[PDB]
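J.: Below you will find the structure I want to go over with you.
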2 protein chains.
Amino acid sequence: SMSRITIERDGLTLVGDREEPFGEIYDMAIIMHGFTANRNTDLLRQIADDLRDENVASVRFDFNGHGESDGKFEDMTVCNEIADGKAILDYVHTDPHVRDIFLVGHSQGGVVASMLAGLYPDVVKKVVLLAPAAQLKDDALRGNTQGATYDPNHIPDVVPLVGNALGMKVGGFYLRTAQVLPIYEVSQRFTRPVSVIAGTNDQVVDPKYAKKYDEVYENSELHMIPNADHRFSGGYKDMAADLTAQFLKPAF
Amino acid sequence: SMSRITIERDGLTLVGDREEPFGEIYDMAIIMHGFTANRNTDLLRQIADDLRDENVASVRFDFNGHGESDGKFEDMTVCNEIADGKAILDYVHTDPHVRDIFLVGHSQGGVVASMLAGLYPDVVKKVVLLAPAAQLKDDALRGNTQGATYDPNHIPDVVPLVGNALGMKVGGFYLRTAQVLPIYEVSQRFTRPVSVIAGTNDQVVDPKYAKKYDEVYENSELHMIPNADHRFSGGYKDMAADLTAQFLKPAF
């Protein structure tokens with residue numbers, strides 16, 4: 001809670017945590033979580049700790065409709081998470097302590113990070129995508145979003161989620177905008193270094209989406225972690241976080 | 001002020017006016033204004049009055065960052081005006097007085113209306129676009145937005161506007177998202193009737209953009225008003241409003 005910070009976007013308060021190394025000037029990563037997740041998952045905290053140990057600061061915010069941030073979950077879209085992203089980027093870019101700016105996204109947060117970097121290719125220095133969930137578009141086009149089914153041509157107002165997200169309702173506007181989201185076209189505009197990290201045992205997002213990111217990016221590396229799952233659980237967390245810190249290390 | 005209504009979108013209050021014919025059930029048009037304009041221009045009020053006289057209700061809201069609505073102008077994007085649009089559409093679609101739903105947009109409001117209808121092609125019944133400002137994308141790609149110039153590959157935080165909008169600052173995120181906005185691709189998804197209205201003497205938006213809307217739409221009509229300007233000023237206001245009311249008339 002010592003690390004707690006907040007910013008505003010359109011009248012919504014976004015709640016985050018700021019982690020800094022010793023010393024008053026540093027590079028800064030913006031770390032983005034996924035669909036129904038929050039800013040304090042094990043993986044995101046591990047990334048932040050590994051970055052700090054590397055003299056790289058970080059902020060991680062709950063997207064609107066998630067965690068401690070304002071907004072109903074059903075009012076969240078990928079587009080207004082990109083807007084949340086833009087507000088965080090403004091906060092970081094105008095911060096007097098910062099040198100370079102990195103984007104790190106897991107799952108749907110990797111889509112937000114990749115599109116945001118495509119819109120700010122002259123400002124963001126590097127990107128790390130961890131199992132970025134570009135499948136969310138094909139999922140919405142098919143009428144199946146993480147097990148919840150619906151007619152993709154008569155999308156209801158809200159769609160009840162199933163499984164772990166039982167009780168939660170995704171907005172129809174989330175699904176309608178997902179169907180037409182130009183994920184790779186916008187993301188492609190980022191020509192600076194990208195590292196794409198994905199588990200060979202990812203059952204939630206087909207690793208072909210991570211492969212396609214690596215194909216369209218001019219300057220990228222692909223890291224397939226054998227046997228890792230979508231969440232990078234257990235021992236895989238350390239592997240994914242290590243690769244993330246590797247890519248963003250200051251090179252002293 | 002008797003007609004005054006408000007709704008919320010993401011913590012922002014949007015202020016509008018609701019105009020109803022006699023009788024408790026009616027079709028309902030959502031009327032959208034343009035860049036730096038507001039909900040009460042002569043043309044938009046004329047459209048609303050002509051619709052009312054036709055037994056068609058209407059709402060017209062100030063977009064975020066405009067008129068009496070919340071938000072700084074520099075925080076406005078076309079994407080969060082589409083989100084404003086979605087919130088208005090929810091308010092109309094759940095209103096117990098409403099039969100069918102129409103979208104009417106002038107200038108940038110025609111872009112918001114066309115993209116919103118492309119995202120709700122099963123809900124919106126008809127669309128009227130008045131000089132829709134699809135040029136805003138090419139303008140941002142060229143680095144010239146209504147006379148204000150900037151490097152389109154190093155877009156600053158905000159760009160001061162010139163001329164009538166002197167004192168106002170458009171956000172860099174407005175310009176960055178404008179550059180990649182899939183205007184015609186999303187709008188094309190609407191296969192229901194569209195009427196595209198444009199003045200042959202339009203100096204702000206090249207009428208080739210209105211022609212392209214008519215080409216890509218499956219079910220459209222194009223009305224070129226000889227000598228009319230972009231605002232549909234003076235005697236042209238009545239002509240544009242008449243054509244709008246024509247297209248949306250109930251056919252009794």
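To be explicit about the labels: the chains of the structure tokens are called A, B, and onward in the order shown, and within each one the residues are counted from 1, while ligands get numbers from 1 in the order they are shown.
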Extract the full set of alpha helix (DSSP H) residues from segment 40-83 of chain A according to DSSP on the backbone, and format it as a PyMOL selection string.

T.: chain A and resi 42-52+78-83

J.: Leaving out residue 29 of chain A and any residue of its chain fewer than 5 positions from it, which residues lie within 6 Å of it when counting only C-alpha atoms, given as number ranges by chain?

T.: A: 58, 101-103

J.: Could you please determine the separation between atom CA of residue 71 of chain A and atom CA of residue 9 of chain A in Å, to one decimal place?

T.: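 Computing it gives 10.8 Å between the two atoms.
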
J.: Which residues are close to segment 10-19 of chain A, i.e. within 7 Å by only C-alpha atoms, leaving aside same-chain residues fewer than 3 positions away? Reply as number ranges by chain.

T.: A: 3-7, 48, 52, 57-64, 68-71; B: 10-12, 71

J.: Would you mind exporting N, CA, C and O atoms of the selected residues as an mmCIF file, in the first residue's frame?

T.:
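This is the output file result-v2.cif:
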```cif
data_model
loop_
_atom_site.group_PDB
_atom_site.id
_atom_site.type_symbol
_atom_site.label_atom_id
_atom_site.label_comp_id
_atom_site.auth_asym_id
_atom_site.auth_seq_id
_atom_site.Cartn_x
_atom_site.Cartn_y
_atom_site.Cartn_z
ATOM 1 N N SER A 3 3.185 1.530 -2.088
ATOM 2 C CA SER A 3 3.322 1.691 -3.527
ATOM 3 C C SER A 3 2.062 2.219 -4.209
ATOM 4 O O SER A 3 2.097 2.438 -5.423
ATOM 5 N N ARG A 4 0.975 2.461 -3.472
ATOM 6 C CA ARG A 4 -0.309 2.758 -4.096
ATOM 7 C C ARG A 4 -0.314 4.143 -4.757
ATOM 8 O O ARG A 4 0.152 5.132 -4.177
ATOM 9 N N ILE A 5 -0.844 4.202 -5.985
ATOM 10 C CA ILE A 5 -1.021 5.431 -6.757
ATOM 11 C C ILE A 5 -2.367 5.343 -7.458
ATOM 12 O O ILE A 5 -2.936 4.261 -7.612
ATOM 13 N N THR A 6 -2.897 6.500 -7.861
ATOM 14 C CA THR A 6 -4.122 6.522 -8.647
ATOM 15 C C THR A 6 -4.042 7.627 -9.681
ATOM 16 O O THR A 6 -3.374 8.633 -9.470
ATOM 17 N N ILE A 7 -4.730 7.416 -10.809
ATOM 18 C CA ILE A 7 -4.914 8.422 -11.846
ATOM 19 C C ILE A 7 -6.376 8.384 -12.277
ATOM 20 O O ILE A 7 -7.118 7.454 -11.961
ATOM 21 N N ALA A 48 7.340 -7.286 -11.814
ATOM 22 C CA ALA A 48 7.690 -6.015 -11.198
ATOM 23 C C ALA A 48 8.899 -6.160 -10.277
ATOM 24 O O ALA A 48 9.799 -5.310 -10.280
ATOM 25 N N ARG A 52 12.531 -4.333 -10.767
ATOM 26 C CA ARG A 52 13.111 -3.520 -9.704
ATOM 27 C C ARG A 52 14.544 -3.946 -9.386
ATOM 28 O O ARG A 52 15.453 -3.106 -9.308
ATOM 29 N N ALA A 57 11.975 0.604 -12.938
ATOM 30 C CA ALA A 57 10.743 0.854 -12.205
ATOM 31 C C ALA A 57 9.548 0.292 -12.970
ATOM 32 O O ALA A 57 9.646 -0.082 -14.139
ATOM 33 N N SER A 58 8.396 0.242 -12.302
ATOM 34 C CA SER A 58 7.204 -0.230 -12.989
ATOM 35 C C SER A 58 5.971 0.321 -12.292
ATOM 36 O O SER A 58 6.001 0.635 -11.095
ATOM 37 N N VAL A 59 4.892 0.451 -13.063
ATOM 38 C CA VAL A 59 3.562 0.691 -12.531
ATOM 39 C C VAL A 59 2.662 -0.406 -13.074
ATOM 40 O O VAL A 59 2.838 -0.864 -14.211
ATOM 41 N N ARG A 60 1.724 -0.855 -12.247
ATOM 42 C CA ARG A 60 0.712 -1.803 -12.686
ATOM 43 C C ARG A 60 -0.627 -1.335 -12.135
ATOM 44 O O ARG A 60 -0.771 -1.136 -10.923
ATOM 45 N N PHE A 61 -1.591 -1.139 -13.030
ATOM 46 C CA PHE A 61 -2.898 -0.597 -12.708
ATOM 47 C C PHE A 61 -3.975 -1.650 -12.954
ATOM 48 O O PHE A 61 -3.861 -2.478 -13.865
ATOM 49 N N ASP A 62 -5.037 -1.595 -12.150
ATOM 50 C CA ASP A 62 -6.266 -2.296 -12.492
ATOM 51 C C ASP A 62 -6.976 -1.531 -13.605
ATOM 52 O O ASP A 62 -7.217 -0.322 -13.489
ATOM 53 N N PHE A 63 -7.286 -2.226 -14.694
ATOM 54 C CA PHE A 63 -8.109 -1.640 -15.740
ATOM 55 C C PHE A 63 -9.481 -1.271 -15.171
ATOM 56 O O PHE A 63 -9.906 -1.777 -14.133
ATOM 57 N N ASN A 64 -10.170 -0.358 -15.854
ATOM 58 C CA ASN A 64 -11.549 -0.057 -15.494
ATOM 59 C C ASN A 64 -12.368 -1.342 -15.451
ATOM 60 O O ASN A 64 -12.184 -2.244 -16.273
ATOM 61 N N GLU A 68 -9.539 -2.783 -7.938
ATOM 62 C CA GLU A 68 -9.938 -1.631 -7.141
ATOM 63 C C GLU A 68 -10.290 -0.412 -7.987
ATOM 64 O O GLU A 68 -10.642 0.632 -7.429
ATOM 65 N N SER A 69 -10.213 -0.513 -9.314
ATOM 66 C CA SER A 69 -10.500 0.639 -10.153
ATOM 67 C C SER A 69 -12.004 0.834 -10.280
ATOM 68 O O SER A 69 -12.790 -0.069 -9.993
ATOM 69 N N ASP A 70 -12.400 2.037 -10.708
ATOM 70 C CA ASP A 70 -13.810 2.338 -10.910
ATOM 71 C C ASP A 70 -14.359 1.587 -12.127
ATOM 72 O O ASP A 70 -13.615 1.016 -12.929
ATOM 73 N N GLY A 71 -15.680 1.598 -12.256
ATOM 74 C CA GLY A 71 -16.340 1.118 -13.459
ATOM 75 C C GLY A 71 -16.869 -0.302 -13.301
ATOM 76 O O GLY A 71 -16.272 -1.151 -12.624
ATOM 77 N N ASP B 10 -18.931 6.189 -18.303
ATOM 78 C CA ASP B 10 -17.620 6.142 -17.636
ATOM 79 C C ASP B 10 -17.432 7.268 -16.608
ATOM 80 O O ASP B 10 -16.386 7.908 -16.559
ATOM 81 N N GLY B 11 -18.434 7.570 -15.798
ATOM 82 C CA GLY B 11 -18.150 8.679 -14.899
ATOM 83 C C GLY B 11 -18.290 10.080 -15.480
ATOM 84 O O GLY B 11 -18.125 11.056 -14.734
ATOM 85 N N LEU B 12 -18.593 10.226 -16.768
ATOM 86 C CA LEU B 12 -18.864 11.536 -17.366
ATOM 87 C C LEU B 12 -20.364 11.714 -17.545
ATOM 88 O O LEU B 12 -21.048 10.807 -18.027
ATOM 89 N N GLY B 71 -15.918 16.577 -19.320
ATOM 90 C CA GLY B 71 -14.711 16.168 -20.020
ATOM 91 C C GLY B 71 -14.026 17.334 -20.721
ATOM 92 O O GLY B 71 -14.672 18.261 -21.230
#
```

J.: Could you pull the residues within 10 Å of residue 121 of chain B, counting only C-alpha atoms, minus those fewer than 5 positions along the same chain, as a list in words?

T.: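 In the requested form, the answer reads residues 153 and 154 of chain A; 114, 115, 116, 126, 187, 188, 189, 190, 191 and 192 of chain B.
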
J.: Which residue is closest to residue 178 of chain B? Choose from B:249, B:39, B:237, B:142 and count only C-alpha atoms.

T.: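 Among the listed residues, the smallest separation from residue 178 of chain B belongs to B:142.
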
J.: Need the shell around residue 239 of chain B: protein/DNA/RNA residues with any atom at most 12 Å away, counting only C-alpha atoms. Skip same-chain ones fewer than 2 positions apart. Format as a list in words?

T.: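 What passes the distance filter is residues 43, 46, 47, 50, 130, 197, 198, 199, 223, 224, 225, 226, 227, 228, 229, 231, 232, 233, 234, 235, 236, 237, 241, 242, 243, 244, 245 and 246 of chain B.
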
J.: Skip residue 138 of chain A itself and residues of its chain fewer than 6 positions away, then list as number ranges by chain all residues within 12 Å of it, counting only C-alpha atoms.

T.: A: 144-146, 152, 175-183, 205-206, 209

J.: Select, from B:117, B:31, B:166, B:104, the residue with the minimum atom-to-atom distance to chain A, counting only C-alpha atoms.

T.: B:117

J.: Name the closest residue to chain A among the candidates B:219, B:201, B:94, B:108; distances are taken between atoms, counting only C-alpha atoms.

T.: B:94
